[PDB]
């Protein structure tokens, strides 16, 4: 009840919230290397045979 | 090397074997990790205790 | 600038002021002055002749020295009073 | 109905008032009325709708009115003249008790009790105006009237705490009307608004009011960025009179946000990082604080990309605010991979979102970092790497161009590399064994000082309640 | 409005321009002071010189700014 | 030590408040 | 109870188009008879999209037959005197049917009444578990989690050793289901030691799961003892295809075959990781680790390597290997660089003093932030 004057006034300067404006308007990064690996193996194998 | 009775390094790009018979680094830092480990839990506990003020 | 703050002269005069600061070799100020302007030129003029100091900055920030030299050399086309900066910038 | 409601709501107002009235006039209990006042604004905002709203008029009439009858009239006029025996003399519940303003003596002017009452009465009008959303006429009418009244007062430490709150409303209300409609009249009155905060701040430094100093500084730093003036903002921060003694954590958190922005554009991303982390810590995590947290996260992410570092991937993900930070994840992917095309496409798509907060402007500069970041990574994987290899990977235009970007970088020392032109490779200089050098000691020296500073903070605060209790009688 | 015109005028070498500038700044010295703090060493130099005849006024401006900032010692 | 002393203060506030109300009632 | 999982696992292969069209339609033959037989329409409605009204007339008939049978059976055994126990068993029996048609909603209700009534203490523990089983059927991770707590609440009050064995295997599946495998590898290998099965998914599943999780978590020396030299896994031999593929990958790594190692990775992905519903999620996550591991060992043993020696041993080209390596290097589990110019792979591998310095200082920063957090609040208050 003490912070409440301050938190509400603080909020007012951001204006609204942005968070609910957003839907109205509208290997964490890596990619799985099994797919890549598959292709590559075939490609190696050819050259290897004819070596 | 994986077993670990001579733990050294092999050079493919040349042809030498280097031997290192160097066993192990600081106990000091290790036991220091344990003390810090306890302390992390302890402060959260205390904080739990300290919530009658809230 | 009168009547809240248009005129075609507004774009030309800004471009020459900002280029001064890049010739004094203060990027720090180039950004500081730019901050002020930003609210008043967001898309009002957008970039016009204003683009001339803007590209130049971008390339030294990237650290593309090559690309930079290229813009200056080609900058001899448009010499009208801009040479007042061009020469400084070579050195 | 009407009579019952007006009076009942009015009853509660007088109970709250009596408490704050009594406490200020018997010694200086300064801190205690302040805690009441916080709670007061909240209780009052919720009140107003229930139990009519001409409950305030009754209150005005009831006590002494030196200018406030006219102000209340003006509000009533605005939303249409309301009538139900709302003519003065309507209420009178003083009745010759010295705690309810002695009826004969006050009127004669053999005693004055109006001083503090007037400041409070004003507080109720600004709150109610803002509540209702009465703009235009009243907003100017209100500023016009309150500023000379405080400057006719010679305001106690206690009275300083009260007017620190009218100041908040004076600033916000002028802004909302401006945002609603642009006009030159709004612009003339803007110059008036700056000048009044500057005159008052000197008065409020001499009374050393922790509340007052705090409120004014947050407002002024904000005003300056909106007008873009770098120069004035740096001078204003040099002083650092902004207290940390007792003020709310919400106040501080605002203070820390602005510094982050300010230092970032001036090319200190080192200190901006510390400020932005520090701003989150002070802020409470509340829904009423959600707007601040949401703007804070976004600024944090921009600073980490300006430095050259990728923030934690998990930040954007594990958030329940994850939707807004959709633009931030696309920027983070493009920067880390050095994909030249991706980066430019991202900022076109999310441009209008980004333009709102003027993070678009920072993102033009984040073009540079796409390239800077990618080279740092390529160098850490591949120690000696021909200039030819680097270009092939990240499709950089030519060997001469990439050499120069790398060259620029290691002057400012981020890559920590060196170019060997003659031999055609760029060789990372890192080797470790920095434990042997003196650098850990510098690091650790600081960490001790930080703990000590903790202890001191504990000790001082700890004793302040105990004084109270020993002095109080106990069973 | 801003102090930027005002600053610009000090610099103009010609005597009458500098004098006019001092009056202009003096009006708004109490209203606005944080913008000309930067440029205090120049106002001070004018006070030093004994060519001006509103020289007394030049030091007044320095003093006024310094009390508003809160450096009371510099003011006095 | 910071918290424990606070805990003690918190109980004592109540002890002292209760003295005042009870003196009034008794009289 | 028993068939509900059988169905869905078949249905999964039908759903996916990743699977070969030949395999897809093997699954199609098998599942179709059981849809009709066990009357699986509520669950089947989701999957049918997702890959007769007779099934329903049947549902509804069955619903009502089975529904009515069980109804009046309880009406019969309310009368017949034994008020705690016989109503309870009859209520369980309604739920048996619900569990049969794969509607979990109705199961929960009837088994609720069963619990209210005070019966054998073992029995209750069995019921709680049955509800947790339904979480695996839907394969909603969130459903299995909440429920397994209620089971764990009653287990230790019950002090049942017998159903305590079941707990292990179910909790294996939660930790399997999730990414975090550190808790999963320990749990699933203990259950190979002690199996107690009362209405439970086959023993085969447990084998498949131990092997994967063994590989991901354990270090070299502990992999040998606990997985390779597991008596059960060896005694069961490689019979089933899924089990077989993983076994070949395990041997080669340990016998330090490098040539067939990379082909077994491709094999494992085709035949183990993708058919499983729980480790379909973690197919990407498993592989990335295992490619780092072959390298991480190899760099331990070698200060320098050539690119051609490194590449060729595995049976991949120099260009392909170099690319795969730059992906893994910034995670800093390999601690090596590639000299393009000299063509060597040099190994930094720092276990120096400066390395150990980093690990303790990161713990200390975590403790630093918390102190500020508790203190600043409490001082204001």
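Chains as they are written, first to last, in the entry's author numbering: chain Y, 17 to 42, 65 to 89; chain Q, 381 to 434; chain T, 93 to 183; chain S, 18 to 492; chain N, 4 to 79; chain U, 272 to 298; chain R, 20 to 70, 95 to 424.
C-beta atoms are modelled at their ideal positions from N, C-alpha and C, and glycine is treated no differently.
Each of 305/R, 319/R, 391/R was checked against the Cα of residue 360/R, and the nearest Cα belongs to 305/R. Counting the other Cβ atoms within 10 Å of the Cβ of residue 217/R gives 16 or more, which makes it buried.
Secondary structure note for residue 347/R: its beta strand (DSSP E) is the uninterrupted segment 345 to 349.
One alpha carbon belongs to residue 338/R, the other to residue 281/R, and they sit about 28 Å apart. Nearest C-alpha to residue 40/S among 156/S, 200/S, 261/S, 176/S: 176/S. 277, 278, 281: these are the residues of the region 276 to 292 of chain U whose beta carbon lies less than 7 Å from some beta carbon of chain Q, given in chain order. Taking a 10 Å sphere around the C-beta of residue 116/S, we find fewer than 16 other C-beta atoms and assign the residue as exposed.
At a cut-off of 8 Å, the C-beta of residue 66/Y has no neighbouring C-beta in chain R. Distance from residue 370/R to residue 66/Y at the Cβ level is roughly 13 Å; contact not present, criterion being Cβ atoms closer than 8 Å. The alpha-carbon separation between residue 17/Y and residue 59/S amounts to approximately 8 Å.
If you check each beta-carbon in the region 398 to 430 of chain S against every beta-carbon of chain T, the ones closer than 8 Å belong to 415, 417, 418, 421, 422, 423, 424, 425, 426. In chain order, 270, 300 place their CB closer than 7 Å to the CB of residue 309/S, counting only its own chain and leaving out the 5 sequence neighbours on each side. Not flagged as an interface residue toward chain U: residue 119/S, since no C-beta distance is shorter than 8 Å.
Contacts with chain R at 8 Å (Cβ-Cβ) do not include residue 95/S. Shown here, residue 118/S sits in coil according to DSSP, grouped into three states, outside any helix or strand. About 17 Å separates the CB atoms of residue 405/R and residue 423/Q; that is not less than 8 Å, and the two are not in contact. Rounded to the nearest whole angstrom, the CA to CA distance from residue 336/S to residue 209/S is 43 Å. With respect to chain N, the C-beta atom of residue 217/S has no partner C-beta closer than 8 Å. If you compare the alpha carbons of 166/S, 31/S, 71/S with that of residue 105/S, the shortest gap goes to 71/S. Membership of residue 148/R in the alpha helix (DSSP H) is indicated by the continuous run 147 to 159. Between the alpha carbons of residue 464/S and residue 290/S lies a distance of about 18 Å. Per DSSP, reduced to three states, the secondary structure at residue 174/T is coil, with no helix or strand assignment. Taking the Cα of residue 212/R as reference, the smallest distance to any Cα among 123/R, 230/R, 335/R is reached at 230/R. The beta carbons of residue 142/T and residue 107/T sit closer together than 8 Å. By DSSP's assignment, residue 388/Q forms a beta bridge with 399/Q. For residue 489/S, the closest Cβ of chain U is nearer than 8 Å. The beta-carbon of residue 38/R is placed no less than 8 Å from the nearest beta-carbon of chain Q.
Looking at the DSSP output, residue 35/Y sits in no beta bridge, so it has no partner there. With contact defined as three or more Cβ pairs closer than 8 Å, the region 47 to 66 of chain S and the region 108 to 123 of chain S are not in contact. Distance from the Cα of residue 300/R is smallest, within the candidate group 356/R, 256/R, 270/R, 288/R, for 356/R.
One finds 412, 415, 416, 419 in chain R with Cβ atoms closer than 9 Å to the Cβ of residue 298/S, taken in chain order. With fewer than 16 other beta carbons inside 10 angstroms of its own, residue 169/T counts as exposed. Here residue 434/S carries a strand assignment [DSSP, helix/strand/coil]. By the 16-neighbour rule on beta-carbons within 10 angstroms, residue 274/S is buried. Within the DSSP bridge table, the entry for residue 442/S names 437/S as partners. The beta carbon of residue 41/N sits closer than 8 Å to some beta carbon of chain S.
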